[PDB]
Structure formats: C-alpha cells, structure tokens
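These protein sequence lines map, in sequence, to chains A and B.
Residues in the first sequence are numbered consecutively from 1327, following this note's numbering.
Residues in the second sequence are numbered consecutively from 617, following this note's numbering.
Take a look at the structure below.
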Amino acid sequence: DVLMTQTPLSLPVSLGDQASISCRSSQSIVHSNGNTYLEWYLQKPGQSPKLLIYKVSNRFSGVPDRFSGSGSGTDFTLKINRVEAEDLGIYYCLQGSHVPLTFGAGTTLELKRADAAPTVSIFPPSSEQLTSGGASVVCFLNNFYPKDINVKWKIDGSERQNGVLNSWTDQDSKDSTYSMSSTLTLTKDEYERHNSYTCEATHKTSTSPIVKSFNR
Amino acid sequence: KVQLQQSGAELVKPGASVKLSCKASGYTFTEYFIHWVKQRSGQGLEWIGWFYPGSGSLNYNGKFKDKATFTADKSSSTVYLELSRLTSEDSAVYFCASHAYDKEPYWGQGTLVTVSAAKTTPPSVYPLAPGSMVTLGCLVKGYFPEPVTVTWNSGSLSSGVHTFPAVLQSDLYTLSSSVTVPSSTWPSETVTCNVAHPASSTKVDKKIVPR
Ligand SMILES: CCCCC[C@H](O)/C=C/[C@H]1[C@H](O)CC(=O)[C@@H]1CCCCCCC(=O)O
C-alpha cells in the first residue's frame, strides 16, 4: 500500500502565524487518468473530517482563502496564511489514486504557550467504594504543557502496571494547557494488603518526576 | 445540495453483527461512489473500501475483507455497511463519503459503534477528597452507555474544572472529574459534584467532605 508520511506530527502555532504541513507519498500518486487525487482534511474533536483541498490545489467550496495546497508527484504541502482559532485541530492528507486509499497519520495544529509542569494530586479510595468491595486510586496530572507526559504507579515502592487506565483532555480553551487522569483499580482485598501508593509524573519540564503518595 | 444522512449510534453485543446505513440526497444516486472510513477513539482515519451502487462494483481494503460487506437499496438511495462478529477493535466511528468520478467528496457526520454486553446502568459516584489552591474530584464508575453530564455546585463552579473522557473497562464506562478551588473555600464551603445520566434518567449528587 502507499504510505503517506505527514510531518510534523505536531505543530504549535500562535494565532496569526504562518503554518506549513507536509505530506510525502511512498510512490507517485498520479492516477492513470492523469489526475492526482490528493486531499487535505481538518478534523476537530467530536466532528467529522472537513474537506479543505482536493486534487492537490483546489479549495473546497466555503473554505477560507487562507488555506492553500500545492505539490507534485510525491511531495505535497498545505499552507495556512495567518492561523485562526478555528483552524486548530488535526490535519490529514489522503491519496485517492491507488487502492487501497490511504491517509497520513495526521498533524496536530495546537496553540503555543509557555511550558508548564503538571499539578499532581493523588486520592485514596473513598470509604463508599471500599464498602462495595472495590478500590480505585486516582491521580490527576493537571494543566501542563506540552502534551507529552508519562505516569508511573508504585505500590510499596514497586512498579504497578496492570489495572491502570488513563485519560487525556483536549487543549484547554482558557489557558491552552493539557490534563491527564490516571486510575489504578484494585480489589479491596488487595488494596488493604499494601501500605504506600505512589504516582510519579515525568514531563519535559524536569528530569525528576513529580511524586505524590499517601500511606494507608 | 449533496447530503449524506447516516444512521444513529449503535450499541452492539460482542460477537453480533450490525448494519449501518447512509442515505443520500441531492444527486443522481446511481452515479456516485460511496466510500466507508473507520476512526477509532483518538486514532487516525482508515479506509474500508469503495462501492458504486450504480453497478454493484466494489473494492475492500484487505484489512477489512472478512469484516465489512457493502450493499445498497437503490429504491431508497441508501447504502449499507455490515460489520460482522464485532470485537472491541470494531468500536469506532464509521463515516460514509460520496463523490462523482474525478469530483470532490462529501462526507456524512459519522455513526458511532460501541461494542458491549452491558445493559443500561447508572453510575456509582465516589468522592475524591485529599488525604493556596486545593484540588478535589469525583469518580464516576460503572455506567452504560455514554454520555453522562458532570457539573460542580449545580454548574455555578465551572472554572478550574477538568472532566476527563470516559474509558470502557469490563463493558462499563468510568470517568473522573477534578475541580480546583482556593483553600479558603473548602472545606469551609460546600463543594458538590452532580452527575446526570440520560439513559438511566438519573441524577445524583456527591458532596466532597474531608476524610
Ligand atoms: C474517503 C475517500 C473519499 C474519496 C477520495 C477521492 O476523492 C476519490 C478519488 C477517485 C477519483 O474520483 C476517481 C478514482 O479512480 C479515485 C478512486 C476511487 C474510485 C475507483 C473506481 C474505478 C477504479 O477502480 O479505477
């Protein structure tokens, strides 16, 4: 299959900036009929992808003229002349010349802001949950930037990997940060046979993790 | 105007099949291609195949050959995608797209498919209290299906709130919501999370009290 390689994976911009996104195909995507079927889409969370550009350089009806596409053969580029807030989201290229049709992995356009370390908070299981025979330990890693982050759980100083579920917010509309929740769920029985619970947040703002813990 | 109307969200039992529909208007039905596209939560787009209802011609992505079946009802300008023997990997949004040969495509709004054996179940709501600002939360666990609506203090507390996307575990959803307030306001003032679940027609409150 034709591989579509999009770069960059992530592009932080300020409103008003110029933006340029690249899409390279692993082989020529000139169709046998002479045309090149290369399309660009923008997708926001919870919405369908919206067509911006088709056949390399043609703007779909209703698309603002700040969007433009160009390219030839295996080398394609989408440009935004002065980014607006509604332009933030994930951009995909799609080749329609060779079956199976294939998409690039996406380029996220996000708002640039100052780097920020996460605010980390740990919570023991509620007495209500324990009465039900369950035990979830919750860690909030809040208002950090950039979005890349790792969380590690420790029980009695030992790394725990099973029973951990994570969830991430979209970029905040007010302060442009990201947040993450991590939940470690045990049986009540197992929870009461250990003492110390720890979640460690590793983010680019520091080589040392942010460590939050509590003791039963 | 070219329009594609996709069928409503589906809750599918594991192992069962489901048939999604895409009803077209605003053009000569038999003269446009229909494509189907899959998108798993937080992932990219994946092409399933194309179908030309005007001839019955089709092509599947080999990755979907044993999973997807395209059919049409010309008499109602409707195309169908049947997905067989569903697994967790089949939980996704499915989009249909239509175009004339060498012309721009028009996309439907997508149909959500969720695979679970669960019946309608209201959430259990648990307080998250700590052991100049303080962060509190509530854990909303074991509900089905989506969505729930979480507020704090009946909506009056909206700044500094993070409600996280739910995750499906053991066929049920779990999510958490955090709120950050000045330490001067809790526990000296009341902070309560409210959780509404339309499918079960329930709404419950949980006051956050210090342990
Ligand atoms: C999600 C996909 C949307 C459609 C993408 C693109 O716009 C479609 C391109 C078509 C083009 O219009 C004609 C063509 O050959 C491309 C591939 C799909 C039709 C294939 C039918 C006949 C054949 O197999 O050559």
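By construction, the Cβ of each residue, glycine as well, lies at the ideal position given by its N, Cα and C atoms.
Whose Cβ in chain B lies nearer than 7 Å to the Cβ of residue i?
| i | result |
| --- | --- |
| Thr1495(A) | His778, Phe780 |
| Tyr1380(A) | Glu720 |
| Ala1527(A) | Ordered by position in chain B, no residue passes the 7 Å Cβ test against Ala1527(A), which lies about 14 Å from the chain. |
| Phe1386(A) | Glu720 |
| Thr1362(A) | By Cβ distance, chain B contributes nothing, its closest Cβ being about 11 Å from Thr1362(A), past 7 Å. |
| residue 1550(A) | Given a span of 1327 to 1542 for chain A in the structure shown, any question on residue 1550(A) remains unanswerable. |
Interface residues of chain A around residue i at Cβ under 7 Å?
| i | result |
| --- | --- |
| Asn677(B) | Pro1426 |
| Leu728(B) | Near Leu728(B) there are no residues of chain A at all, since even the closest Cβ is about 10 Å away, more than 7 Å. |
| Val783(B) | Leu1491, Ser1493 |
| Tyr742(B) | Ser1452, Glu1454, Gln1455 |
| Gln725(B) | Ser1374 |
| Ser792(B) | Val1464, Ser1507, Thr1509 |
Here's the rule: buried if 16 or more other CB atoms are within 10 angstroms of the residue's CB, otherwise exposed. What is residue i?
| i | result |
| --- | --- |
| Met1506(A) | buried |
| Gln1332(A) | buried |
| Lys1500(A) | exposed |
| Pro798(B) | exposed |
| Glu1516(A) | exposed |
| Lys617(B) | exposed |
| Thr1428(A) | buried |
| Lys683(B) | buried |
| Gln1455(A) | buried |
| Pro761(B) | buried |
| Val731(B) | buried |
| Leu1510(A) | buried |
| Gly1397(A) | buried |
| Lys1530(A) | exposed |
| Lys822(B) | buried |
Please confirm whether residue i and residue j have their CB atoms less than 7 Å apart.
| i | j | result |
| --- | --- | --- |
| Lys1370(A) | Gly1415(A) | yes |
| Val811(B) | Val825(B) | no |
| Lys635(B) | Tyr676(B) | no |
| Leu755(B) | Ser1462(A) | yes |
| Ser623(B) | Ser637(B) | yes |
| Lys1480(A) | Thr1528(A) | no |
| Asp1343(A) | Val1409(A) | yes |
| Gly1395(A) | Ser1383(A) | yes |
| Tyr759(B) | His813(B) | yes |
| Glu662(B) | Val729(B) | no |
| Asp1496(A) | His1520(A) | no |
| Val1464(A) | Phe1449(A) | yes |
| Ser1346(A) | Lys1405(A) | yes |
| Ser816(B) | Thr736(B) | yes |
| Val1328(A) | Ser1348(A) | no |
| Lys1376(A) | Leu1368(A) | yes |
| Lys1478(A) | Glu1526(A) | yes |
Which residues of chain A have a Cβ atom closer than 8 Å to the Cβ of residue i, listed in chain order?
| i | result |
| --- | --- |
| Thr765(B) | Per Cβ cutoff of 8 Å: no residues; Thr765(B) is ~15 Å from chain A at best. |
| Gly747(B) | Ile1448, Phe1449, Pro1450, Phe1540 |
Counting only Cβ pairs nearer than 9 Å, list the residues of chain B close to residue i.
| i | result |
| --- | --- |
| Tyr1418(A) | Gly660, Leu661 |
| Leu1512(A) | The contacting residues do not exist; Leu1512(A) stays about 13 Å from chain B at best. |
| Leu1329(A) | The contacting residues do not exist; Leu1329(A) stays about 13 Å from chain B at best. |
| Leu1435(A) | Per Cβ cutoff of 9 Å: no residues; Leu1435(A) is ~15 Å from chain B at best. |
Listing by chain order, which chain B residues have their CB less than 8 Å from the CB of residue i?
| i | result |
| --- | --- |
| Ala1431(A) | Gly660 |
| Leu1341(A) | Ordered by position in chain B, no residue passes the 8 Å Cβ test against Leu1341(A), which lies about 22 Å from the chain. |
My assumption, with CB atoms under 8 Å, is that residue i sits in contact with residue j. Please give the rounded CB distance.
| i | j | result |
| --- | --- | --- |
| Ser800(B) | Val777(B) | Not confirmed; about 18 Å, so no contact. |
| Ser673(B) | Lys639(B) | With 8 Å as the limit, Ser673(B) and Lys639(B) do not qualify as a contact, their Cβ atoms being about 20 Å apart. |
| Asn1407(A) | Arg1385(A) | The pair is not a contact, with the Cβ atoms about 12 Å apart (cut-off 8 Å). |
| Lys629(B) | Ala733(B) | 6 Å |
| residue 601(B) | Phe649(B) | Residue 601(B) is absent from the model: chain B starts at 617 and stops at 827. |
| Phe667(B) | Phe686(B) | 4 Å |
| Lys1381(A) | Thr1403(A) | Not confirmed; about 14 Å, so no contact. |
| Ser1336(A) | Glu1412(A) | 18 Å between Cβ atoms; not a contact. |
| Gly670(B) | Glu647(B) | 6 Å |
| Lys757(B) | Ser775(B) | About 25 Å separates the two Cβ atoms, so there is no contact after all. |
Could you tell me which chain A residues have their CB closer than 9 Å to the CB of residue i, listed as they occur along the chain?
| i | result |
| --- | --- |
| residue 582(B) | The requested residue 582(B) does not occur in the structure, where chain B is confined to residues 617 to 827. |
| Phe711(B) | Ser1374, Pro1375 |
Would you check if the segment 737 to 756 of chain B and the segment 708 to 722 of chain B touch, i.e. whether three or more CB-CB distances between them fall below 8 Å?
no
Below 8 Å, how does it come out for the segment 1398 to 1417 of chain A and the segment 1506 to 1523 of chain A: are there three or more Cβ pairs, yes or no?
no
Report yes or no: do the segment 1459 to 1474 of chain A and the segment 1426 to 1443 of chain A share at least 3 C-beta pairs separated by less than 8 Å?
yes
Inter-stretch contact at 8 Å, needing at least 3 Cβ pairs: the segment 774 to 782 of chain B / the segment 724 to 743 of chain B:
no
Could you tell me whether the segment 1477 to 1489 of chain A touches the segment 758 to 773 of chain B, using the rule of 3 or more Cβ pairs below 8 Å?
no
Cβ contact check for the segment 1330 to 1350 of chain A and the segment 1427 to 1436 of chain A: 3 or more pairs under 8 Å
yes
Pair every Cβ in the segment 705 to 712 of chain B with every Cβ in the segment 1348 to 1356 of chain A, then say whether three or more of these pairs are closer than 8 Å.
no
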